[PDB]
Structure formats: structure tokens, C-alpha cells
Amino acid sequence: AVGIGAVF
Amino acid sequence: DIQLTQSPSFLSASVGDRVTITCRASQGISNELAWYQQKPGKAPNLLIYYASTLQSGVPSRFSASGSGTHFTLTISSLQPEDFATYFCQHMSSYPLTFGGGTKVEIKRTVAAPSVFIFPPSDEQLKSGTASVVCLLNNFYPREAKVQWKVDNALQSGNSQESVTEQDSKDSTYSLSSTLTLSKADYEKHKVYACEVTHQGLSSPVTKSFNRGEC
Amino acid sequence: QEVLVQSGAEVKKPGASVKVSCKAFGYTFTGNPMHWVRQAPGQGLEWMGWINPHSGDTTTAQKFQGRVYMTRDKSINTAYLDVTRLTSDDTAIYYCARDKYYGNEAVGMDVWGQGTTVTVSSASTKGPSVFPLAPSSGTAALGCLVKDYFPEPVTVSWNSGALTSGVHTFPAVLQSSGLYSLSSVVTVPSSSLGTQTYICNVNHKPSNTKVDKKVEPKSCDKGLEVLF
């Protein structure tokens, strides 16, 4: 699935 | 872009029925699909993710299946709180898209509308316009044809319709059709008639008045 | 309690901009990407983009790139949607929604804001004119026509909220003039027409317009020559 990078 | 096609777009069902809704993706999307419920004036609520995993807090009468292109949401025994619109959504590539929705409404017996016509008020006429209102009250199903006839001539493009949601007690609809004209256009003609066609009417019902005859 | 609280309704002219806010409560704001999804009146859902609240990185739908900007302010747990160069086609309810984001991929939108209504129109604020729909020739129907107002919404009650049963207040319709109109109707006993007075209480808060309209019965007592 699509992603938007690492988060906290 | 990926298109999600939902079927059916509209469903009438009774409490206790099994409801089955399908979503077809134009391209393979694995299990990257979610289902939502939405009620009027409210945000959607997540029911299913990973195409078949029930979201926490969701009643277990909801379930779903599929992987690839063809997905199915099932409500095992429909309850009053489940009448709503349902949407699928993929997240396989950009842009994310939603299906067109499936509106689940309450099935009931046919009920013919009571038809009323209201001529323009004296207050509106002195202001320079004339609105003629045709009311269809407490009918089922929602499909209806309302035709305006002016001096027995069929109108087009000069009216707008508005419809309520199902009444909370009898599950019927009501509808208004409003013919709007300038005072000068209104005073070009005599007979103003609204003709209504509905499954509960063995023949169309016409309500009419003569301009100024009231 | 994990909730998203959005800013209030906005009315804008074509060419203007609107900035919608979405404030997160009850969880660590930077732990979940935030989507923006809109819904035009009577239509389905349209995804606009999403933002990573940790990095501030955005992925904006191609339809909106160049005029829509997603940003965030970590210090107040707030995501913002700036929609610029508005046209009437941007009239919609705008939602923010958090993604579960398991494995750092999109999974599903599990918490939603309450929505922010945005109306884009060249029309100017105007209170409605309230006209009676007079009852005439065992029940009778009457009502009030609430015509030519902007923006939405209006409220309609009957007899100061006393009369509630049999009432049908229709959804507003947008006219080609850019103004809205609707009617509210009610069915009452026809025997009570000469002894009970029915008033529709129309309130339009954007224009501070309050109208009480008394709906008097009028005489339309003519039939037609028929042949059955």
C-alpha cells in the first residue's frame, strides 16, 4: 500500500 | 487512476435481512481495501480494513471478503442502526479512491402520495415573482414523476424538486416540486397543473388551479 | 478519547482561499498520517491528499497539486488544509481523517473530524422572504416557502416548536440566481383550521433574519367540469 515515510 | 464500482447503488431491505454489497476494482489491489459506513450529516466510520479484518468496536454482523479485484461486504442480519450508505476505498496507489456508495433504505409496502398544489401568495406576487408548489406527501417507493402543465403545455427547465429522507415512523418520502416564474411570465397563462405518476396510483393524479380564480 | 476537531463553516468568493484546521486530541499527533477527504452535496467521497505530521511531508492528489497545501503545527497538534483559487466546484464538506498506518503504509481511516462546510459562490449574504402556502380545499396541508436566501442554513419550526408531527421541511435547493430556497409543510386536521393558527418560525442566522409568518387559510373552492 502507499506510504508517507516514518512517523514518531 | 483506479475506479471502484459498487453494486447496487441503492438497496431497500427489511430488518433481519442479509445485505450483500459488492465492490469491483478496475485493477488488482491485493487486500488494500477498506469499507466505511456513513449517515447523513456525519463523517464515515471505518468497518473493515485489509479487505476482511473487522475494525475494533464494529458489530460482528458486519463481515467482508475478497482479495484482488472483487470484494464483498455482508451484513448478516440488518438492524435499524445499519440503514446508511456504505463505501469501499482502496489504498493501493495514488490517488486513493472510494466507490460510489450503496444507500441501504427501509423496505415497506407501496403508498401512493397525497398530491397538493399551492398557488403563489399575494405577498410574493407583489414582489414580482410567482412560485407554484406541488407537494407529494407520505409515499413509497421514492420513484415518482412530477410534470408541470401550463395551459396544457408541458414545462421544462423551470422547476426544481426536493425530497425528504424516510420518515422515522412510517418510512415514507415526501417531495416538493416548485415552478418558479417571473410575474410577467406567470400572467401569460391561465391554467397551472401538476401531474403525478407513482406506482401506488392506478392512473396519474392532476392538481390544478386557474390564475387569479382563487 | 481520540477525537479530531475541525474549524467552523466558511463562505468564500471564487478566486479566494480557505484554510481549514483539524486539531487532534487523545493521542500522539505525530504518530499517524492525516488524510483530507471532501464530499460535495449529495455526492461521494474524494481524497485530496495526506500529510505525515512528524516530517511534514505531503502527498497531494494530482488534481489539487499547485493550489492545495497541507501543513501542520506540532506544538498545538493541528493539521491545516489551505485550498486556494476556489471555484464553485470546491463547495463541499471537508474532513480530516487519521490513518491506522500499520507498517508505515495506508490501512484505513479510523478517526475522522466532524467536517467543515465550505461554500464557494459569488452571491452575497441575504435573508429569506417567507411566503405562505395557504391551506385550502379529513386533513389539510399548509406550509411556508422560504425563498431567496444565502448562505445556508435556515431553520424552520412550527408554533415555536410546539407542532412537530406531520411536518416535512425539505432540503434547500440552489437556484440559478445563486440563492437558496426551500419549503416546509405540515398536515393538520381540516376541522381545526378555523380554530387553530399555524405559524412558521424562520431563522437565518448568517443574516440575523427572524421571520414569523402566519399561514391563513384561503378560499380555493372551485371544481372542474369532468366526464367519467
# chains A, B, ... in the order shown; residues from 1 in each chain; ligands from 1
>>> closest_atom_pairs(of="stretch 8-127 of chain B", to="stretch 184-204 of chain B", cutoff="6 Å", atoms="only C-alpha atoms", output="CSV")
residue,atom,partner,partner_atom,distance
B:110,CA,B:200,CA,5.9
B:111,CA,B:200,CA,5.6
B:112,CA,B:200,CA,4.1
>>> write_last_selection(atoms="N, CA and C atoms", output="PDB file, in the first residue's frame")
ATOM      1  N   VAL B 110     -46.079  -0.371  -0.745  1.00  0.00           N
ATOM      2  CA  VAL B 110     -46.340   0.778  -1.600  1.00  0.00           C
ATOM      3  C   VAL B 110     -47.361   1.693  -0.935  1.00  0.00           C
ATOM      4  N   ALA B 111     -47.121   3.001  -1.028  1.00  0.00           N
ATOM      5  CA  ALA B 111     -48.044   4.005  -0.512  1.00  0.00           C
ATOM      6  C   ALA B 111     -48.126   5.131  -1.529  1.00  0.00           C
ATOM      7  N   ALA B 112     -49.325   5.387  -2.043  1.00  0.00           N
ATOM      8  CA  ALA B 112     -49.493   6.434  -3.036  1.00  0.00           C
ATOM      9  C   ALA B 112     -49.382   7.808  -2.375  1.00  0.00           C
TER      10      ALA B 112
END
>>> residues_around(residues="stretch 134-136 of chain B", least_positions_apart="2", cutoff="10 Å", atoms="only C-alpha atoms", output="number ranges by chain")
B: 112-119, 131-132, 138-139, 144, 146-148, 161-163, 173-179, 193-196, 207-208; C: 141-142, 183, 185
>>> select_by_dssp(residues="stretch 26-206 of chain C", states="strand (DSSP E or B)", output="ChimeraX atom specification")
/C:34-39,45-51,58-60,68-73,78-83,92-99,109-112,116-120,126,129-133,139-150,155-158,163,167-169,173-174,180-189,198-204
>>> interface_residues(of="chain A", to="chain B", cutoff="10 Å", atoms="only C-alpha atoms", output="list in words")
residues 1, 2 and 3 of chain A
>>> interface_residues(of="chain C", to="chain B", cutoff="9 Å", atoms="only C-alpha atoms", output="PyMOL selection string")
chain C and resi 43-49+59-62+95+105-115+129-136+141-142+145+168-173+175+182-183+185+187+218-223
>>> closest_atom_pairs(of="chain C", to="chain A", cutoff="7 Å", atoms="only C-alpha atoms", output="CSV")
residue,atom,partner,partner_atom,distance
C:30,CA,A:8,CA,5.5
C:31,CA,A:8,CA,4.8
C:32,CA,A:7,CA,6.7
C:52,CA,A:4,CA,6.2
C:54,CA,A:7,CA,5.3
C:104,CA,A:3,CA,6.0
C:105,CA,A:3,CA,4.4
C:106,CA,A:2,CA,5.8
>>> atom_distance(atom1="atom CA of residue B:66", atom2="atom CA of residue B:88")
12.0 Å
>>> atom_distance(atom1="atom CA of residue C:7", atom2="atom CA of residue C:79")
10.8 Å
>>> select_by_dssp(residues="stretch 40-174 of chain B", states="alpha helix (DSSP H)", output="list in words")
residues 122, 123, 124, 125, 126 and 127 of chain B
>>> write_last_selection(atoms="N, CA, C and O atoms", output="JSON list (two decimals), in the first residue's frame")
[["chain", "number", "residue", "atom", "x", "y", "z"],
["B", 122, "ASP", "N", -50.19, 36.22, -2.37],
["B", 122, "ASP", "CA", -50.32, 37.63, -2.74],
["B", 122, "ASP", "C", -49.05, 38.40, -2.41],
["B", 122, "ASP", "O", -48.65, 39.31, -3.15],
["B", 123, "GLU", "N", -48.38, 38.03, -1.32],
["B", 123, "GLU", "CA", -47.15, 38.72, -0.93],
["B", 123, "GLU", "C", -46.05, 38.52, -1.97],
["B", 123, "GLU", "O", -45.32, 39.46, -2.30],
["B", 124, "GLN", "N", -45.91, 37.30, -2.49],
["B", 124, "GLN", "CA", -44.87, 37.07, -3.49],
["B", 124, "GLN", "C", -45.20, 37.75, -4.81],
["B", 124, "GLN", "O", -44.30, 38.27, -5.48],
["B", 125, "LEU", "N", -46.48, 37.77, -5.18],
["B", 125, "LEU", "CA", -46.86, 38.35, -6.46],
["B", 125, "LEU", "C", -46.52, 39.84, -6.52],
["B", 125, "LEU", "O", -45.98, 40.32, -7.52],
["B", 126, "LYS", "N", -46.80, 40.58, -5.45],
["B", 126, "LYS", "CA", -46.45, 41.99, -5.42],
["B", 126, "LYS", "C", -44.94, 42.21, -5.44],
["B", 126, "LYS", "O", -44.49, 43.29, -5.84],
["B", 127, "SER", "N", -44.15, 41.22, -5.03],
["B", 127, "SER", "CA", -42.70, 41.34, -5.09],
["B", 127, "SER", "C", -42.13, 41.06, -6.48],
["B", 127, "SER", "O", -40.95, 41.33, -6.70]]
>>> residues_around(residues="residue B:171", least_positions_apart="4", cutoff="8 Å", atoms="only C-alpha atoms", output="list in words")
residues 106, 107, 108, 140, 166 and 167 of chain B
>>> write_last_selection(atoms="N, CA and C atoms", output="PDB file, in the first residue's frame")
ATOM      1  N   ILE B 106     -35.076   1.493   4.006  1.00  0.00           N
ATOM      2  CA  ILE B 106     -36.047   0.596   4.632  1.00  0.00           C
ATOM      3  C   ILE B 106     -37.125   0.213   3.626  1.00  0.00           C
ATOM      4  N   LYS B 107     -37.317  -1.088   3.429  1.00  0.00           N
ATOM      5  CA  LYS B 107     -38.409  -1.578   2.599  1.00  0.00           C
ATOM      6  C   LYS B 107     -39.733  -1.473   3.347  1.00  0.00           C
ATOM      7  N   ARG B 108     -40.781  -1.083   2.625  1.00  0.00           N
ATOM      8  CA  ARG B 108     -42.135  -1.086   3.158  1.00  0.00           C
ATOM      9  C   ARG B 108     -43.101  -1.268   1.996  1.00  0.00           C
ATOM     10  N   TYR B 140     -44.338   5.882  -0.975  1.00  0.00           N
ATOM     11  CA  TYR B 140     -43.296   4.870  -1.092  1.00  0.00           C
ATOM     12  C   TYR B 140     -43.628   3.998  -2.289  1.00  0.00           C
ATOM     13  N   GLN B 166     -36.471   9.126   4.549  1.00  0.00           N
ATOM     14  CA  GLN B 166     -37.585   8.316   5.026  1.00  0.00           C
ATOM     15  C   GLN B 166     -38.041   8.778   6.405  1.00  0.00           C
ATOM     16  N   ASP B 167     -39.357   8.908   6.572  1.00  0.00           N
ATOM     17  CA  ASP B 167     -39.906   9.309   7.861  1.00  0.00           C
ATOM     18  C   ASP B 167     -39.585   8.260   8.918  1.00  0.00           C
TER      19      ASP B 167
END
>>> residues_around(residues="stretch 198-212 of chain C", least_positions_apart="5", cutoff="9 Å", atoms="only C-alpha atoms", output="VMD selection string")
chain C and resid 125 to 130 132 142 to 144 146 149 to 161 163 184 193
>>> write_last_selection(atoms="N, CA, C and O atoms", output="short mmCIF file (atom, residue, chain, number, x, y, z; two decimals), in the first residue's frame")
data_model
loop_
_atom_site.label_atom_id
_atom_site.label_comp_id
_atom_site.auth_asym_id
_atom_site.auth_seq_id
_atom_site.Cartn_x
_atom_site.Cartn_y
_atom_site.Cartn_z
N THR C 125 -24.59 37.71 1.18
CA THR C 125 -25.50 37.34 2.26
C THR C 125 -26.84 38.04 2.07
O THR C 125 -26.90 39.24 1.80
N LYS C 126 -27.92 37.27 2.21
CA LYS C 126 -29.27 37.81 2.06
C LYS C 126 -30.24 36.95 2.84
O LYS C 126 -30.21 35.72 2.72
N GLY C 127 -31.07 37.59 3.66
CA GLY C 127 -32.10 36.90 4.40
C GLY C 127 -33.26 36.50 3.51
O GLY C 127 -33.50 37.10 2.45
N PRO C 128 -34.02 35.49 3.92
CA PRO C 128 -35.08 34.97 3.06
C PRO C 128 -36.35 35.80 3.15
O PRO C 128 -36.61 36.51 4.12
N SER C 129 -37.15 35.69 2.09
CA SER C 129 -38.54 36.11 2.11
C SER C 129 -39.39 34.88 2.40
O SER C 129 -39.19 33.83 1.78
N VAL C 130 -40.31 35.00 3.34
CA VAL C 130 -41.14 33.89 3.77
C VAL C 130 -42.56 34.13 3.27
O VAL C 130 -43.20 35.12 3.65
N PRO C 132 -46.52 32.36 2.53
CA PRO C 132 -47.37 31.26 2.99
C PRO C 132 -47.77 30.34 1.85
O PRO C 132 -47.95 30.75 0.70
N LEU C 142 -50.58 22.62 4.68
CA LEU C 142 -50.19 24.02 4.62
C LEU C 142 -48.68 24.09 4.76
O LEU C 142 -48.01 23.07 4.94
N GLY C 143 -48.12 25.29 4.65
CA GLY C 143 -46.68 25.42 4.80
C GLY C 143 -46.20 26.83 4.57
O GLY C 143 -46.98 27.78 4.51
N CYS C 144 -44.88 26.95 4.45
CA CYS C 144 -44.21 28.23 4.22
C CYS C 144 -43.11 28.02 3.19
O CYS C 144 -42.35 27.06 3.27
N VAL C 146 -39.70 29.44 1.87
CA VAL C 146 -38.58 30.22 2.38
C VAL C 146 -37.65 30.45 1.20
O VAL C 146 -36.83 29.59 0.86
N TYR C 149 -32.45 33.06 -0.12
CA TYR C 149 -31.51 33.36 0.95
C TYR C 149 -30.13 32.81 0.62
O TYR C 149 -29.97 31.91 -0.20
N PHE C 150 -29.11 33.39 1.28
CA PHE C 150 -27.73 32.94 1.15
C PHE C 150 -26.98 33.41 2.37
O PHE C 150 -27.20 34.55 2.81
N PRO C 151 -26.10 32.59 2.96
CA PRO C 151 -25.86 31.19 2.59
C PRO C 151 -26.76 30.26 3.37
O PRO C 151 -27.65 30.72 4.09
N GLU C 152 -26.54 28.96 3.24
CA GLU C 152 -27.16 28.01 4.14
C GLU C 152 -26.56 28.17 5.54
O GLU C 152 -25.44 28.67 5.68
N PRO C 153 -27.28 27.75 6.59
CA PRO C 153 -28.61 27.14 6.57
C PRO C 153 -29.69 28.05 7.12
O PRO C 153 -29.42 29.14 7.63
N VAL C 154 -30.94 27.59 7.02
CA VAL C 154 -32.07 28.17 7.72
C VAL C 154 -32.68 27.09 8.60
O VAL C 154 -32.54 25.89 8.34
N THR C 155 -33.36 27.53 9.65
CA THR C 155 -34.14 26.64 10.50
C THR C 155 -35.60 27.03 10.40
O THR C 155 -35.93 28.21 10.29
N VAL C 156 -36.48 26.02 10.42
CA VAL C 156 -37.91 26.24 10.38
C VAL C 156 -38.55 25.41 11.48
O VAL C 156 -38.29 24.21 11.59
N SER C 157 -39.37 26.06 12.31
CA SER C 157 -40.19 25.39 13.30
C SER C 157 -41.63 25.85 13.10
O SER C 157 -41.90 26.83 12.40
N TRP C 158 -42.56 25.13 13.73
CA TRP C 158 -43.98 25.45 13.63
C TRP C 158 -44.54 25.66 15.03
O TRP C 158 -44.40 24.79 15.90
N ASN C 159 -45.16 26.82 15.25
CA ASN C 159 -45.73 27.19 16.54
C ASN C 159 -44.67 27.17 17.65
O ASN C 159 -44.91 26.68 18.75
N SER C 160 -43.49 27.71 17.34
CA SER C 160 -42.38 27.82 18.29
C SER C 160 -41.97 26.45 18.84
O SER C 160 -41.68 26.30 20.03
N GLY C 161 -41.93 25.45 17.96
CA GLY C 161 -41.55 24.11 18.34
C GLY C 161 -42.65 23.27 18.93
O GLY C 161 -42.41 22.09 19.22
N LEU C 163 -45.60 22.35 17.44
CA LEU C 163 -46.10 21.44 16.41
C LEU C 163 -44.92 20.78 15.72
O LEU C 163 -44.09 21.45 15.10
N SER C 184 -41.34 24.29 3.85
CA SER C 184 -41.67 23.43 4.98
C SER C 184 -43.18 23.30 4.99
O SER C 184 -43.89 24.30 4.91
N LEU C 193 -58.92 24.02 11.26
CA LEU C 193 -58.35 25.14 10.52
C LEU C 193 -58.91 26.47 11.00
O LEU C 193 -58.16 27.44 11.17
#
>>> residues_around(residues="stretch 23-29 of chain C", least_positions_apart="6", cutoff="9 Å", atoms="only C-alpha atoms", output="PyMOL selection string")
(chain A and resi 8) or (chain C and resi 1-7+53-54+74+76-80+113)
